[PDB]
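# Overview (structure and organization)
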Amino acid sequence: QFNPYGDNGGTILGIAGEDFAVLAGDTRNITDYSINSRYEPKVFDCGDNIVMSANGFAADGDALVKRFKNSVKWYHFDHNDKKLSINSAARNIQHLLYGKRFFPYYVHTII
Amino acid sequence: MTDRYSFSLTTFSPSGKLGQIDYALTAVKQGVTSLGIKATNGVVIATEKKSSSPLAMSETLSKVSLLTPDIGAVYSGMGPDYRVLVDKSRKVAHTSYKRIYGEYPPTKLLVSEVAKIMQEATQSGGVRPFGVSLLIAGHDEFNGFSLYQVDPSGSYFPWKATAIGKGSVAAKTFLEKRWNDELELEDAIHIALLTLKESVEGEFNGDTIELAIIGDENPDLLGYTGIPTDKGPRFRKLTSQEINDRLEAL
Amino acid sequence: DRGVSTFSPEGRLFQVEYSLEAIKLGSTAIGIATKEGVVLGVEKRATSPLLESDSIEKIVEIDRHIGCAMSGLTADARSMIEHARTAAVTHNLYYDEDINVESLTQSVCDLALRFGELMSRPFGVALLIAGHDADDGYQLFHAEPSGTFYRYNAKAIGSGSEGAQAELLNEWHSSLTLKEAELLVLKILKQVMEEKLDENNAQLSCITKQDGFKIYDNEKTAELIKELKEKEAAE
Amino acid sequence: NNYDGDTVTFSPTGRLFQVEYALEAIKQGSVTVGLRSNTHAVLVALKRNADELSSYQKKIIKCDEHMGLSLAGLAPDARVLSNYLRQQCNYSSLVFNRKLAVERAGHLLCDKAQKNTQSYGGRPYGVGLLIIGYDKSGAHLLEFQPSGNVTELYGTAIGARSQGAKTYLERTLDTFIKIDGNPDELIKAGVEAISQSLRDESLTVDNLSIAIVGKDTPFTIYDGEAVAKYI
Amino acid sequence: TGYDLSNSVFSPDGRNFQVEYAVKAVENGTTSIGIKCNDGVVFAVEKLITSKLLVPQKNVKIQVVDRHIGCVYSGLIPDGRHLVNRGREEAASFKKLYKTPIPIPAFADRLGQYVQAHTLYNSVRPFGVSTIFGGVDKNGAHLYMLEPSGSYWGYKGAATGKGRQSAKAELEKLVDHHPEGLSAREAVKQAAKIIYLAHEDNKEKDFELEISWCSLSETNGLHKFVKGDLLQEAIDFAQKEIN
Amino acid sequence: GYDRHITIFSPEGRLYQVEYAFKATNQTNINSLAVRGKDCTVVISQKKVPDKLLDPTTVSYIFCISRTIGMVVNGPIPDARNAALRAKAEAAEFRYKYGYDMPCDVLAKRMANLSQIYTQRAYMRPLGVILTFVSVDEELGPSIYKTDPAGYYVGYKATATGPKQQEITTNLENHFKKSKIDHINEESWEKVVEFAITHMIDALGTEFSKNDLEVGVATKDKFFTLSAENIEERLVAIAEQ
Amino acid sequence: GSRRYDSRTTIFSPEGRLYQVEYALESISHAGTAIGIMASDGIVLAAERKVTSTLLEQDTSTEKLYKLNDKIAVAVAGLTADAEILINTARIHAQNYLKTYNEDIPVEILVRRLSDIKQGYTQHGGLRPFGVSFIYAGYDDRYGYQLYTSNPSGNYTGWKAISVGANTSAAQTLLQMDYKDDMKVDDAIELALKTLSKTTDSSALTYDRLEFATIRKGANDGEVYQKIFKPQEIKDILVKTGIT
Amino acid sequence: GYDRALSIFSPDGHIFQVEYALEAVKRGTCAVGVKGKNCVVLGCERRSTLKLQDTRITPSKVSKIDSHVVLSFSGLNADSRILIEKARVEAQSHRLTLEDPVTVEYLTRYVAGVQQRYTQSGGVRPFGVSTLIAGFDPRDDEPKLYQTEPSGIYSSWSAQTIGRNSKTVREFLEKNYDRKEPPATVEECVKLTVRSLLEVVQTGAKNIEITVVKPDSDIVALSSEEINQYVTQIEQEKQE
Amino acid sequence: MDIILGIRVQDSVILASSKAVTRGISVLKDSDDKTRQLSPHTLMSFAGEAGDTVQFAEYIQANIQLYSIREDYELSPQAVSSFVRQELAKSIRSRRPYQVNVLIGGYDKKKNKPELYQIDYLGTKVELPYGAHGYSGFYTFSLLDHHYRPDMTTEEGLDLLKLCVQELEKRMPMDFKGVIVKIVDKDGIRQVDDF
Ligand SMILES: [Cl-]
Ligand SMILES: [Mg+2]
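Calculation criteria
Residues numbered from 1 in each chain as written, not as in the entry; some residues may be left out. Chains lettered and ligands numbered in written order. Part of a larger assembly, values for the part shown. Heavy atoms only, no water. Contact = heavy atoms within 4.5 Å. Buried area = accessible area lost by both parts, 1.4 Å probe. Salt bridge = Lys/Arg side-chain N within 4 Å of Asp/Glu carboxyl O. Polar contact = N/O pair within 3.5 Å; in protein donor to acceptor, adjacent residues only side chain to side chain. Helix = DSSP H or I, 4+ residues; strand = E, 2+ residues; numbered from the N terminus. Nonpolar A, V, L, I, M, F, W, Y, C, P; charged D, E, K, R; others polar. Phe/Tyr/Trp six-rings, centres within 6.5 Å; stacked < 30°, edge-to-face > 60°. Buried < 20%, exposed > 50% of the residue type's maximum accessible area, 1.4 Å probe, protein only. Patch = residues over 30% accessible without salt bridge, like charges linked within 9 Å, V, L, I, M, F, W, Y side chains within 5 Å. Areas by Shrake-Rupley, 256 points an atom, 1.4 Å probe, with all protein chains shown as cover. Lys, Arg positive; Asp, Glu negative; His and termini not counted. Charge placed at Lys NZ, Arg CZ, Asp CG, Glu CD. Pairing = 2+ DSSP bridges. Axes fitted to C-alpha atoms, helices over the stretch in contact; angles between N-to-C directions.

X-ray crystallography is the method the PDB entry states for this structure, with the resolution given as 2.80 Å.

Below, the structure is given as structure tokens:
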């Protein structure tokens, strides 16, 4: 039977300071016991000083990042180029994820 | 695109008339004469075969049609409208009756279904009424023989005998003088031929006249043997030769 | 007859132009924007003395930071307010923030042209949408059934609009206080109203950053009416 | 006369009057100008107010980082069409990772407007659009009419008294086309162009609206004190 | 009367006046032609230069369907684009199901049935274009012309627009003088001449010439635009003949 | 008077749109004729190609509906081709659903029913065409069945259609009065085609070249149209007698 | 488009009337008269057939009086074809109620729903209204014997005695004159026939131009019986009251 | 589906179909609502061109929407049934989700919204009905009286009338109703309501219906004799 | 949910229903009223799947109350029971069926007789002198077969009911936290507070 999910491995890490924040992630991409790429980035600048990573099943991860990046674009179009605050981005991402509650994005997301 | 005509094309005028129904009846008046006579042991329905051209084969155009083995129909008015009504009438006898009860509908109920179809063309969106009047003759076990008229409005009436179309006024008067409650089927056929000669102008023979009966069961027309309860259709269309035989002793 | 979405030879939509005439028959509504807040006022106009005037609801809350006044076929405004409230709350659910006043107005105006052969005709009511947000501060918008909205420093709509607007042209300046604006709405309403203005046939409201959208009591407005009469007699 | 009740009806001379009446709404609209060189494309628009208490109706809308338009006529119709362009530009990026060609943008707008001129119940769009952009084949300027007709030009103008600016640009063609690698000069030419369509009114700080896109410049709009430089 | 106010209504003559009114819109449009040749077809069109501000070569009017069919039309330009969009859909589904590219006669009927459908109901308007189109298939070259009524025929040569009569007369001479056949490269030159001769009926604004062609030998059975040296050569041939 | 614009009854019980669709039938100014032999059914029609720029091979009003059924149309070509495509689709579906070739008369009825619907339903106009279907039916033999915009249909011994139809009709009537039979008593289809052309010449009073005619022939298990040279061969045979 | 040919069947006049409803009532006023009279021990339904022909089959005929269920019947005035559409809907509705609650449908509930259907055709859908007026005659254990009438507007009202169709004005005056509350069924039968005999457009009232029916508790103990009169039975009741 | 826009604007800014629906209301029998200090009374005219009526079974003019709210109307009778049914369904739906019966204001707001929807929906005509909705909110003793009309507007009234000759009875109520002192008792409120109808009706026999609503779902309809006593008493005081 | 009983005597119907609501290893409530008044003289008790029970009960209640307002009339217990049966008969062939079993106790005012109907989630209706749903019946039916008489008084019915609760409290595995008892008679519905 067809299994729509896979595991692309890797790991990510976010730490916050007083006037800064970092979002780190390794560049290795795998399936089973093979390496697919030694350099495949999964931490992305999404605009408005928001960095994002969706680690787990890379296809779902790329899809989510792609949709959020697009969400930021339309937030500008619809609300007079207003900056998307990190708290508002977080709430928006909740709805993106929960929208597929019964066929989930197989990723842990950090922004 | 799409049918934007979702509104009624037949509406009440200030005087209370339904224009399109009236105008449909006018179309029936222009139509060729047809009639029906009920006897004690049968029913006869008849009409003239108005040929459009002598090159045309009038055998290929059937004005009298079998609906069920024991029910037949004839009309006056618009031929194409009649043709599609016969298609629909044949189908509804199966879908809304035979496929449910395993037997053919009684005359009155099949008539009722045809009347419903004609009523809906009077009220539904984006359609005109049917431009025909039907005469439906038939037999069933619990009602015996019966004859009905169906008008463009969807109204139907049971008749001992009647006529519709071109010369219906004169034909009805002729039938009133000749009809009694003791008529045998052969006597009714004789009167049908007499009544029709008055309205026909040109040739009057078995090739220009179309005539069918509802009478005794016809085992020879069944197509198979072995089932005692199945005895054959009561509807029979008279042949060209059978009509001419009766025109000599006229 | 003729199509509902038909253009006139002058390049205007018949039905939209006709709905603008209905709005001219409506009761007067005035709005004034200041740096201390936005004031919204309306003429109630009871058709009979037996009618309990406090049931006349022509000023309405959309959210805590957005209020609304109406003029014209006021029954048509119910579904517009219902949409506005849902849009405002829904945005807060999706983004954990207050929605911009302009974005709210644009969402309401999107409904306007959704008519034809969607609803069967345009709305027969104009709206004054007043509110505050962090980006653009205190704002006043005039929303029409054409789907168009203008921002205004001050605006009057309804039967007494063209006369009241000319008066607002002279009286408005960029340094008006909230109290000054309140009196100004009362003054201009009293001028264009048929019956004599009092606390029962007129209603005031405002929106401030601190306290949000508030409809005033009949007791509070009555004192502002008394304060207004005294000041006009004082010179 | 008897043939202007709806868009589905031709006149005896082969005219579509509802489309012509939609065209008339553009003529009543405030003037806007478009022009380009080989490196940049510029929109200049005169904004209109209701009265001195009101704001000035915004004429220019951004569609993508590399594309946008100016409007003249029914503003809500411009909102519908610009929203469609935003989606089409966006579909091209998400699916093909490809910036939508300004020419295809024109073809898409043409076909969307056309469908509204051949069916019962609908109506033509009541707005004209000037689309500028910078893609893989350089700078571009398009003119959209709600009849469906889209046209690529070096320069043009639409709205009330647009004929003045259109004549000026026709004279200045050889000059402004070769303003390469100089944004401020290409704008100056557009501001001088729109000035040929003014009557009794002049260009003020909250009246003028300018937009620009080019080789190393995203589509950006200038209003308020940012256009004081050009008066 | 009132028989002309609604599409799909028969007049007492048996005519659909709305379609005849759409033909008037076509007659108002610019001139376009089609020439059938030895092993292919050639298309050409008149582009009126309304202003100096029009970018030359950049408002292309001739359209390709699939990879082997060319289409040109006169009248309401948006209506023509709608028809080509449908033509592209029709050709795509044919190739999807049957593998082979759509034959020209088959393609002709797809457009014909679609245009004819827009004369059957009052809820749609007839097409305001006459479309000249054709190409090369397994049975050789074919040229067609389709009208607002849905009527179409095969042609040796075809013309429509404001200068159709001038162009038709010039086309008839070629048919008479070349019974054995005209070559592809010759037809391109002749197409230029005929557009220039047909421009006499639209001579206020000067114009821009646009040509395209399909040929079994010259273009390998695919639709291509005529550009550069071959275009200028065809322009010069036309310029020499008017003087 | 909107009762003349759509298919609703007039006060005198008439459908004017149907009547005006009949007048569209003659818009092409072409006459057609159909006769039956012993083994075959022949249909002929005039072919007028006025424009010199037209490709004459593409100008046709005869259609091959199925392998066994042919159809000639009297009326404008757009409506003609509309009818043809539908008939082809209906005949194909019939074969798939019921396992045998659609008879000529059954297709005629089906197309007539469709035409009837347009006379009753408002949103659909009638087609301005008269359809003549021909075949050699495996049960009924040589067959001619004809349809019109009213939804009427009937079988024919022979028939004619067009502006000068009445002249052709009486010409055929007078022949069948003389011969005393329902068909052309001839063995080969070649001579039945010759009969058809001969009697059209007499009725219309015009001479025909090879390019002035269009001929369709139905035999057992195939219907086919003739080329210009097939007709020329036929014209030569008539002239040499 | 098709706007051109729309009659707009569901609109108001400037005076606030519904054109199509008013014109449908005008149609009904030419239909054969039908009378309903409610007594303390039963209900009478009497109706006049529309100008009969001598060759009409009278015994196997139904034009005016229809059975909805065992406890409820209707008298029709208007288009018969329209009435049969509504009658079949009413018959189905009664069976739905019986299936749901295991009790015979109360008369008013059936009347309301049929009247609600008529109302719908006047407010939406753009179709012509049903050209029919009903007299409902029925019994249930809540209100006992009941007479109702409905018309194309979808408005219904209850009655002690009522007429529909032709000459209602004259018929209602005559009923209003001779009717009293303590009346019996046999007296009501006589009043019904006497009224038709005086209001008829025919020369003389005969058995072949009438349909007749009673709803009595004249069965055996606490149960209701519907009697649709046969031709010979109408002939006898016409002699018994001395009309012929 | 039937799509036609029947309710549309005219050049002068009027929606004629809505305005013609008001004419249907003007044709309807008169209805009046008066609220006292502790009650609301709904009075209704019944035309007397209909004798031989059966008043047991004939639809009553005042309808219970719930046990605590009532609705009377003027205009097309058939139309009113559709509004009453919808209102009754919404009443039960409100109890189901909110676990509390409707307020009179809420029920009125719903009915008014339905009427408004039929003024800008395709294929439908407006309701030819104006309503008077009266009752008491749950656990509240303050009387409530509201009015709705075809356009969809609604409002609260101390006393109001609708239907034919309503302008005459409104005139009467405007001078006979004191806002400072409403009818203190049930008797006083019924009498003022009957008086107002007697300005328009004809005979005080079987022409007037009266329904009294008191707090906590206390609704009762008066009989002929009970109403006739008010009619008899008023006429004797009049002869002065 | 779990225990619901019913007894029809001479002049009344008595319904007893358990007070416990248990989820997992925790009794979340011990005062739950597993009943809804459908009309003044009709009461319905219920037991089954969590959520489904109350949702179904309140849905039926709303429908009967709607009927009462529309017709200004109270449906007979027989009529109400048939309506309920049909709803459950529809439900059983739905995508997700209501898993609810009910008892309907009513007093028919037209007949002046008490009536008790037992209906399961499949839509299986029976009129009975005494009824039960779930495992309760396995004890109470035999007990009532012995001690029940058709001419008993309401007081005799309550004593007969005490005998059933005592037996269940002795032999049932689960603690059902006693019962709420309600009586349906000519004067309507009332609750016994001390049981
Ligand atoms: Cl068929
Ligand atoms: Mg059970």
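Now that the structure has been shown, the text picks up again.
## Topic: the interface of chain G and chain B
In this complex, chain G contributes 32 residues to the contact, which on the side of chain B involves 35 residues. Summing both partners gives a buried area of about 2700 Å² for chain G against chain B, and 59% of it is carried by carbon and sulfur. The three residues of chain G that bury the most area against chain B are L55, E57 and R128 of chain G, which together make up 27% of that side's buried surface. Taken together, chain G and chain B are joined by one salt bridge. Note that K38 of chain B is salt-bridged to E57 of chain G, the shortest N-O span being 2.6 Å. Seen at the junction of chain G and chain B, the total is ten residue pairs in polar contact. Where the side of chain G that touches chain B is concerned, the elements lending two or more residues are helix 1 (19-28) and helix 2 (80-101) of chain G. Residues of the side of chain G that touches chain B, tallied by class, amount to twelve nonpolar, 14 polar and six charged.

## With respect to the packing of aromatic side chains
In this structure the tally under the stated criterion is 47 aromatic pairs over all chains. With a centroid separation of 4.8 Å and an interplanar angle of 65 degrees, the aromatic rings of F94 of chain E and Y98 of chain E are classed as edge-to-face. Residue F94 of chain E and its partner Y98 of chain E are both found in helix 2 (residues 77-98); the two are separated by four residues, about one turn of the helix. The exposure class assigned to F94 of chain E is buried, which follows from its relative accessible area of 12%. Connected via pairs of aromatic rings, a cluster forms that spans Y5 and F7 of chain B, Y2 of chain F, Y5 of chain G together with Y2 of chain H.

## Some words on a negative patch on the surface
A surface patch of negative charge is lined by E52, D200, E201 and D206 of chain D. Secondary-structure assignment places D206 of chain D in the loop between helix 5 (183-194) and strand 11 (208-214).

## Considering the arrangement of the chains
Where the 19 pairs of chains in contact are concerned, the greatest contact count is recorded for chains G and H. There is a gap between chain A and chain G: no contact, and a shortest C-alpha distance of 37 Å. The two units chain F and chain I remain apart, with a minimum C-alpha distance of 35 Å.

## Observations regarding the environment of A156 of chain C
Residue and element names in this part refer to chain C. Within the element layout of this structure, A156 appears in strand 8 (residues 154-157). Classification of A156 as buried rests on a relative accessible area of 2%. Measuring from C-alpha to C-alpha, the distance between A156 and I188 comes to 9.5 Å, with 32 residues separating the pair along the chain.

## A word on the interface of chain H and chain G
With 31 residues of chain H at the interface, the matching set in chain G holds 41 residues. Counting every contact that joins chain H to chain G gives two salt bridges. Our enumeration of links across chain H and chain G arrives at 15 residue pairs in polar contact. Those elements that provide at least two residues to the side of chain H that touches chain G are helix 1 (16-27) and helix 2 (77-98) of chain H. In terms of residues, the side of chain H that touches chain G owes the most to one element, helix 1 of chain H, which gives six residues. Taken together, the residues of the side of chain H that touches chain G sort by class into 16 nonpolar, six polar and nine charged.

## Section: a nonpolar patch on the surface
Taken together, the side chains of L13, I15, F20 and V22 of chain A define a hydrophobic patch exposed on the protein surface, amounting to about 390 Å² of accessible area. With respect to the helices and strands, the residue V22 of chain A is situated in strand 2 (residues 21-25).

## Some details on the sheet that holds strand 7 (residues 107-110) of chain A
Sheet strands pair via backbone hydrogen bonds, and the direction of the pair is either parallel or antiparallel. All names here are of chain A. With antiparallel pairing, the three strands of this open sheet are ordered in space as 5-6-7. Edge positions in the sheet fall to strand 5 (44-45) and strand 7, since each has one partner strand and no second. By the bridge criterion, two bridges tie strand 5 to strand 6 (residues 51-56) in an arrangement that is antiparallel. Residue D45 lies in a different strand from strand 6, and its bridge partner there is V51. In the packing of helix 1 (residues 58-78) onto the sheet, contacts are made with strand 5, strand 6 and strand 7, and the angle to strand 6 comes to roughly 155 degrees.

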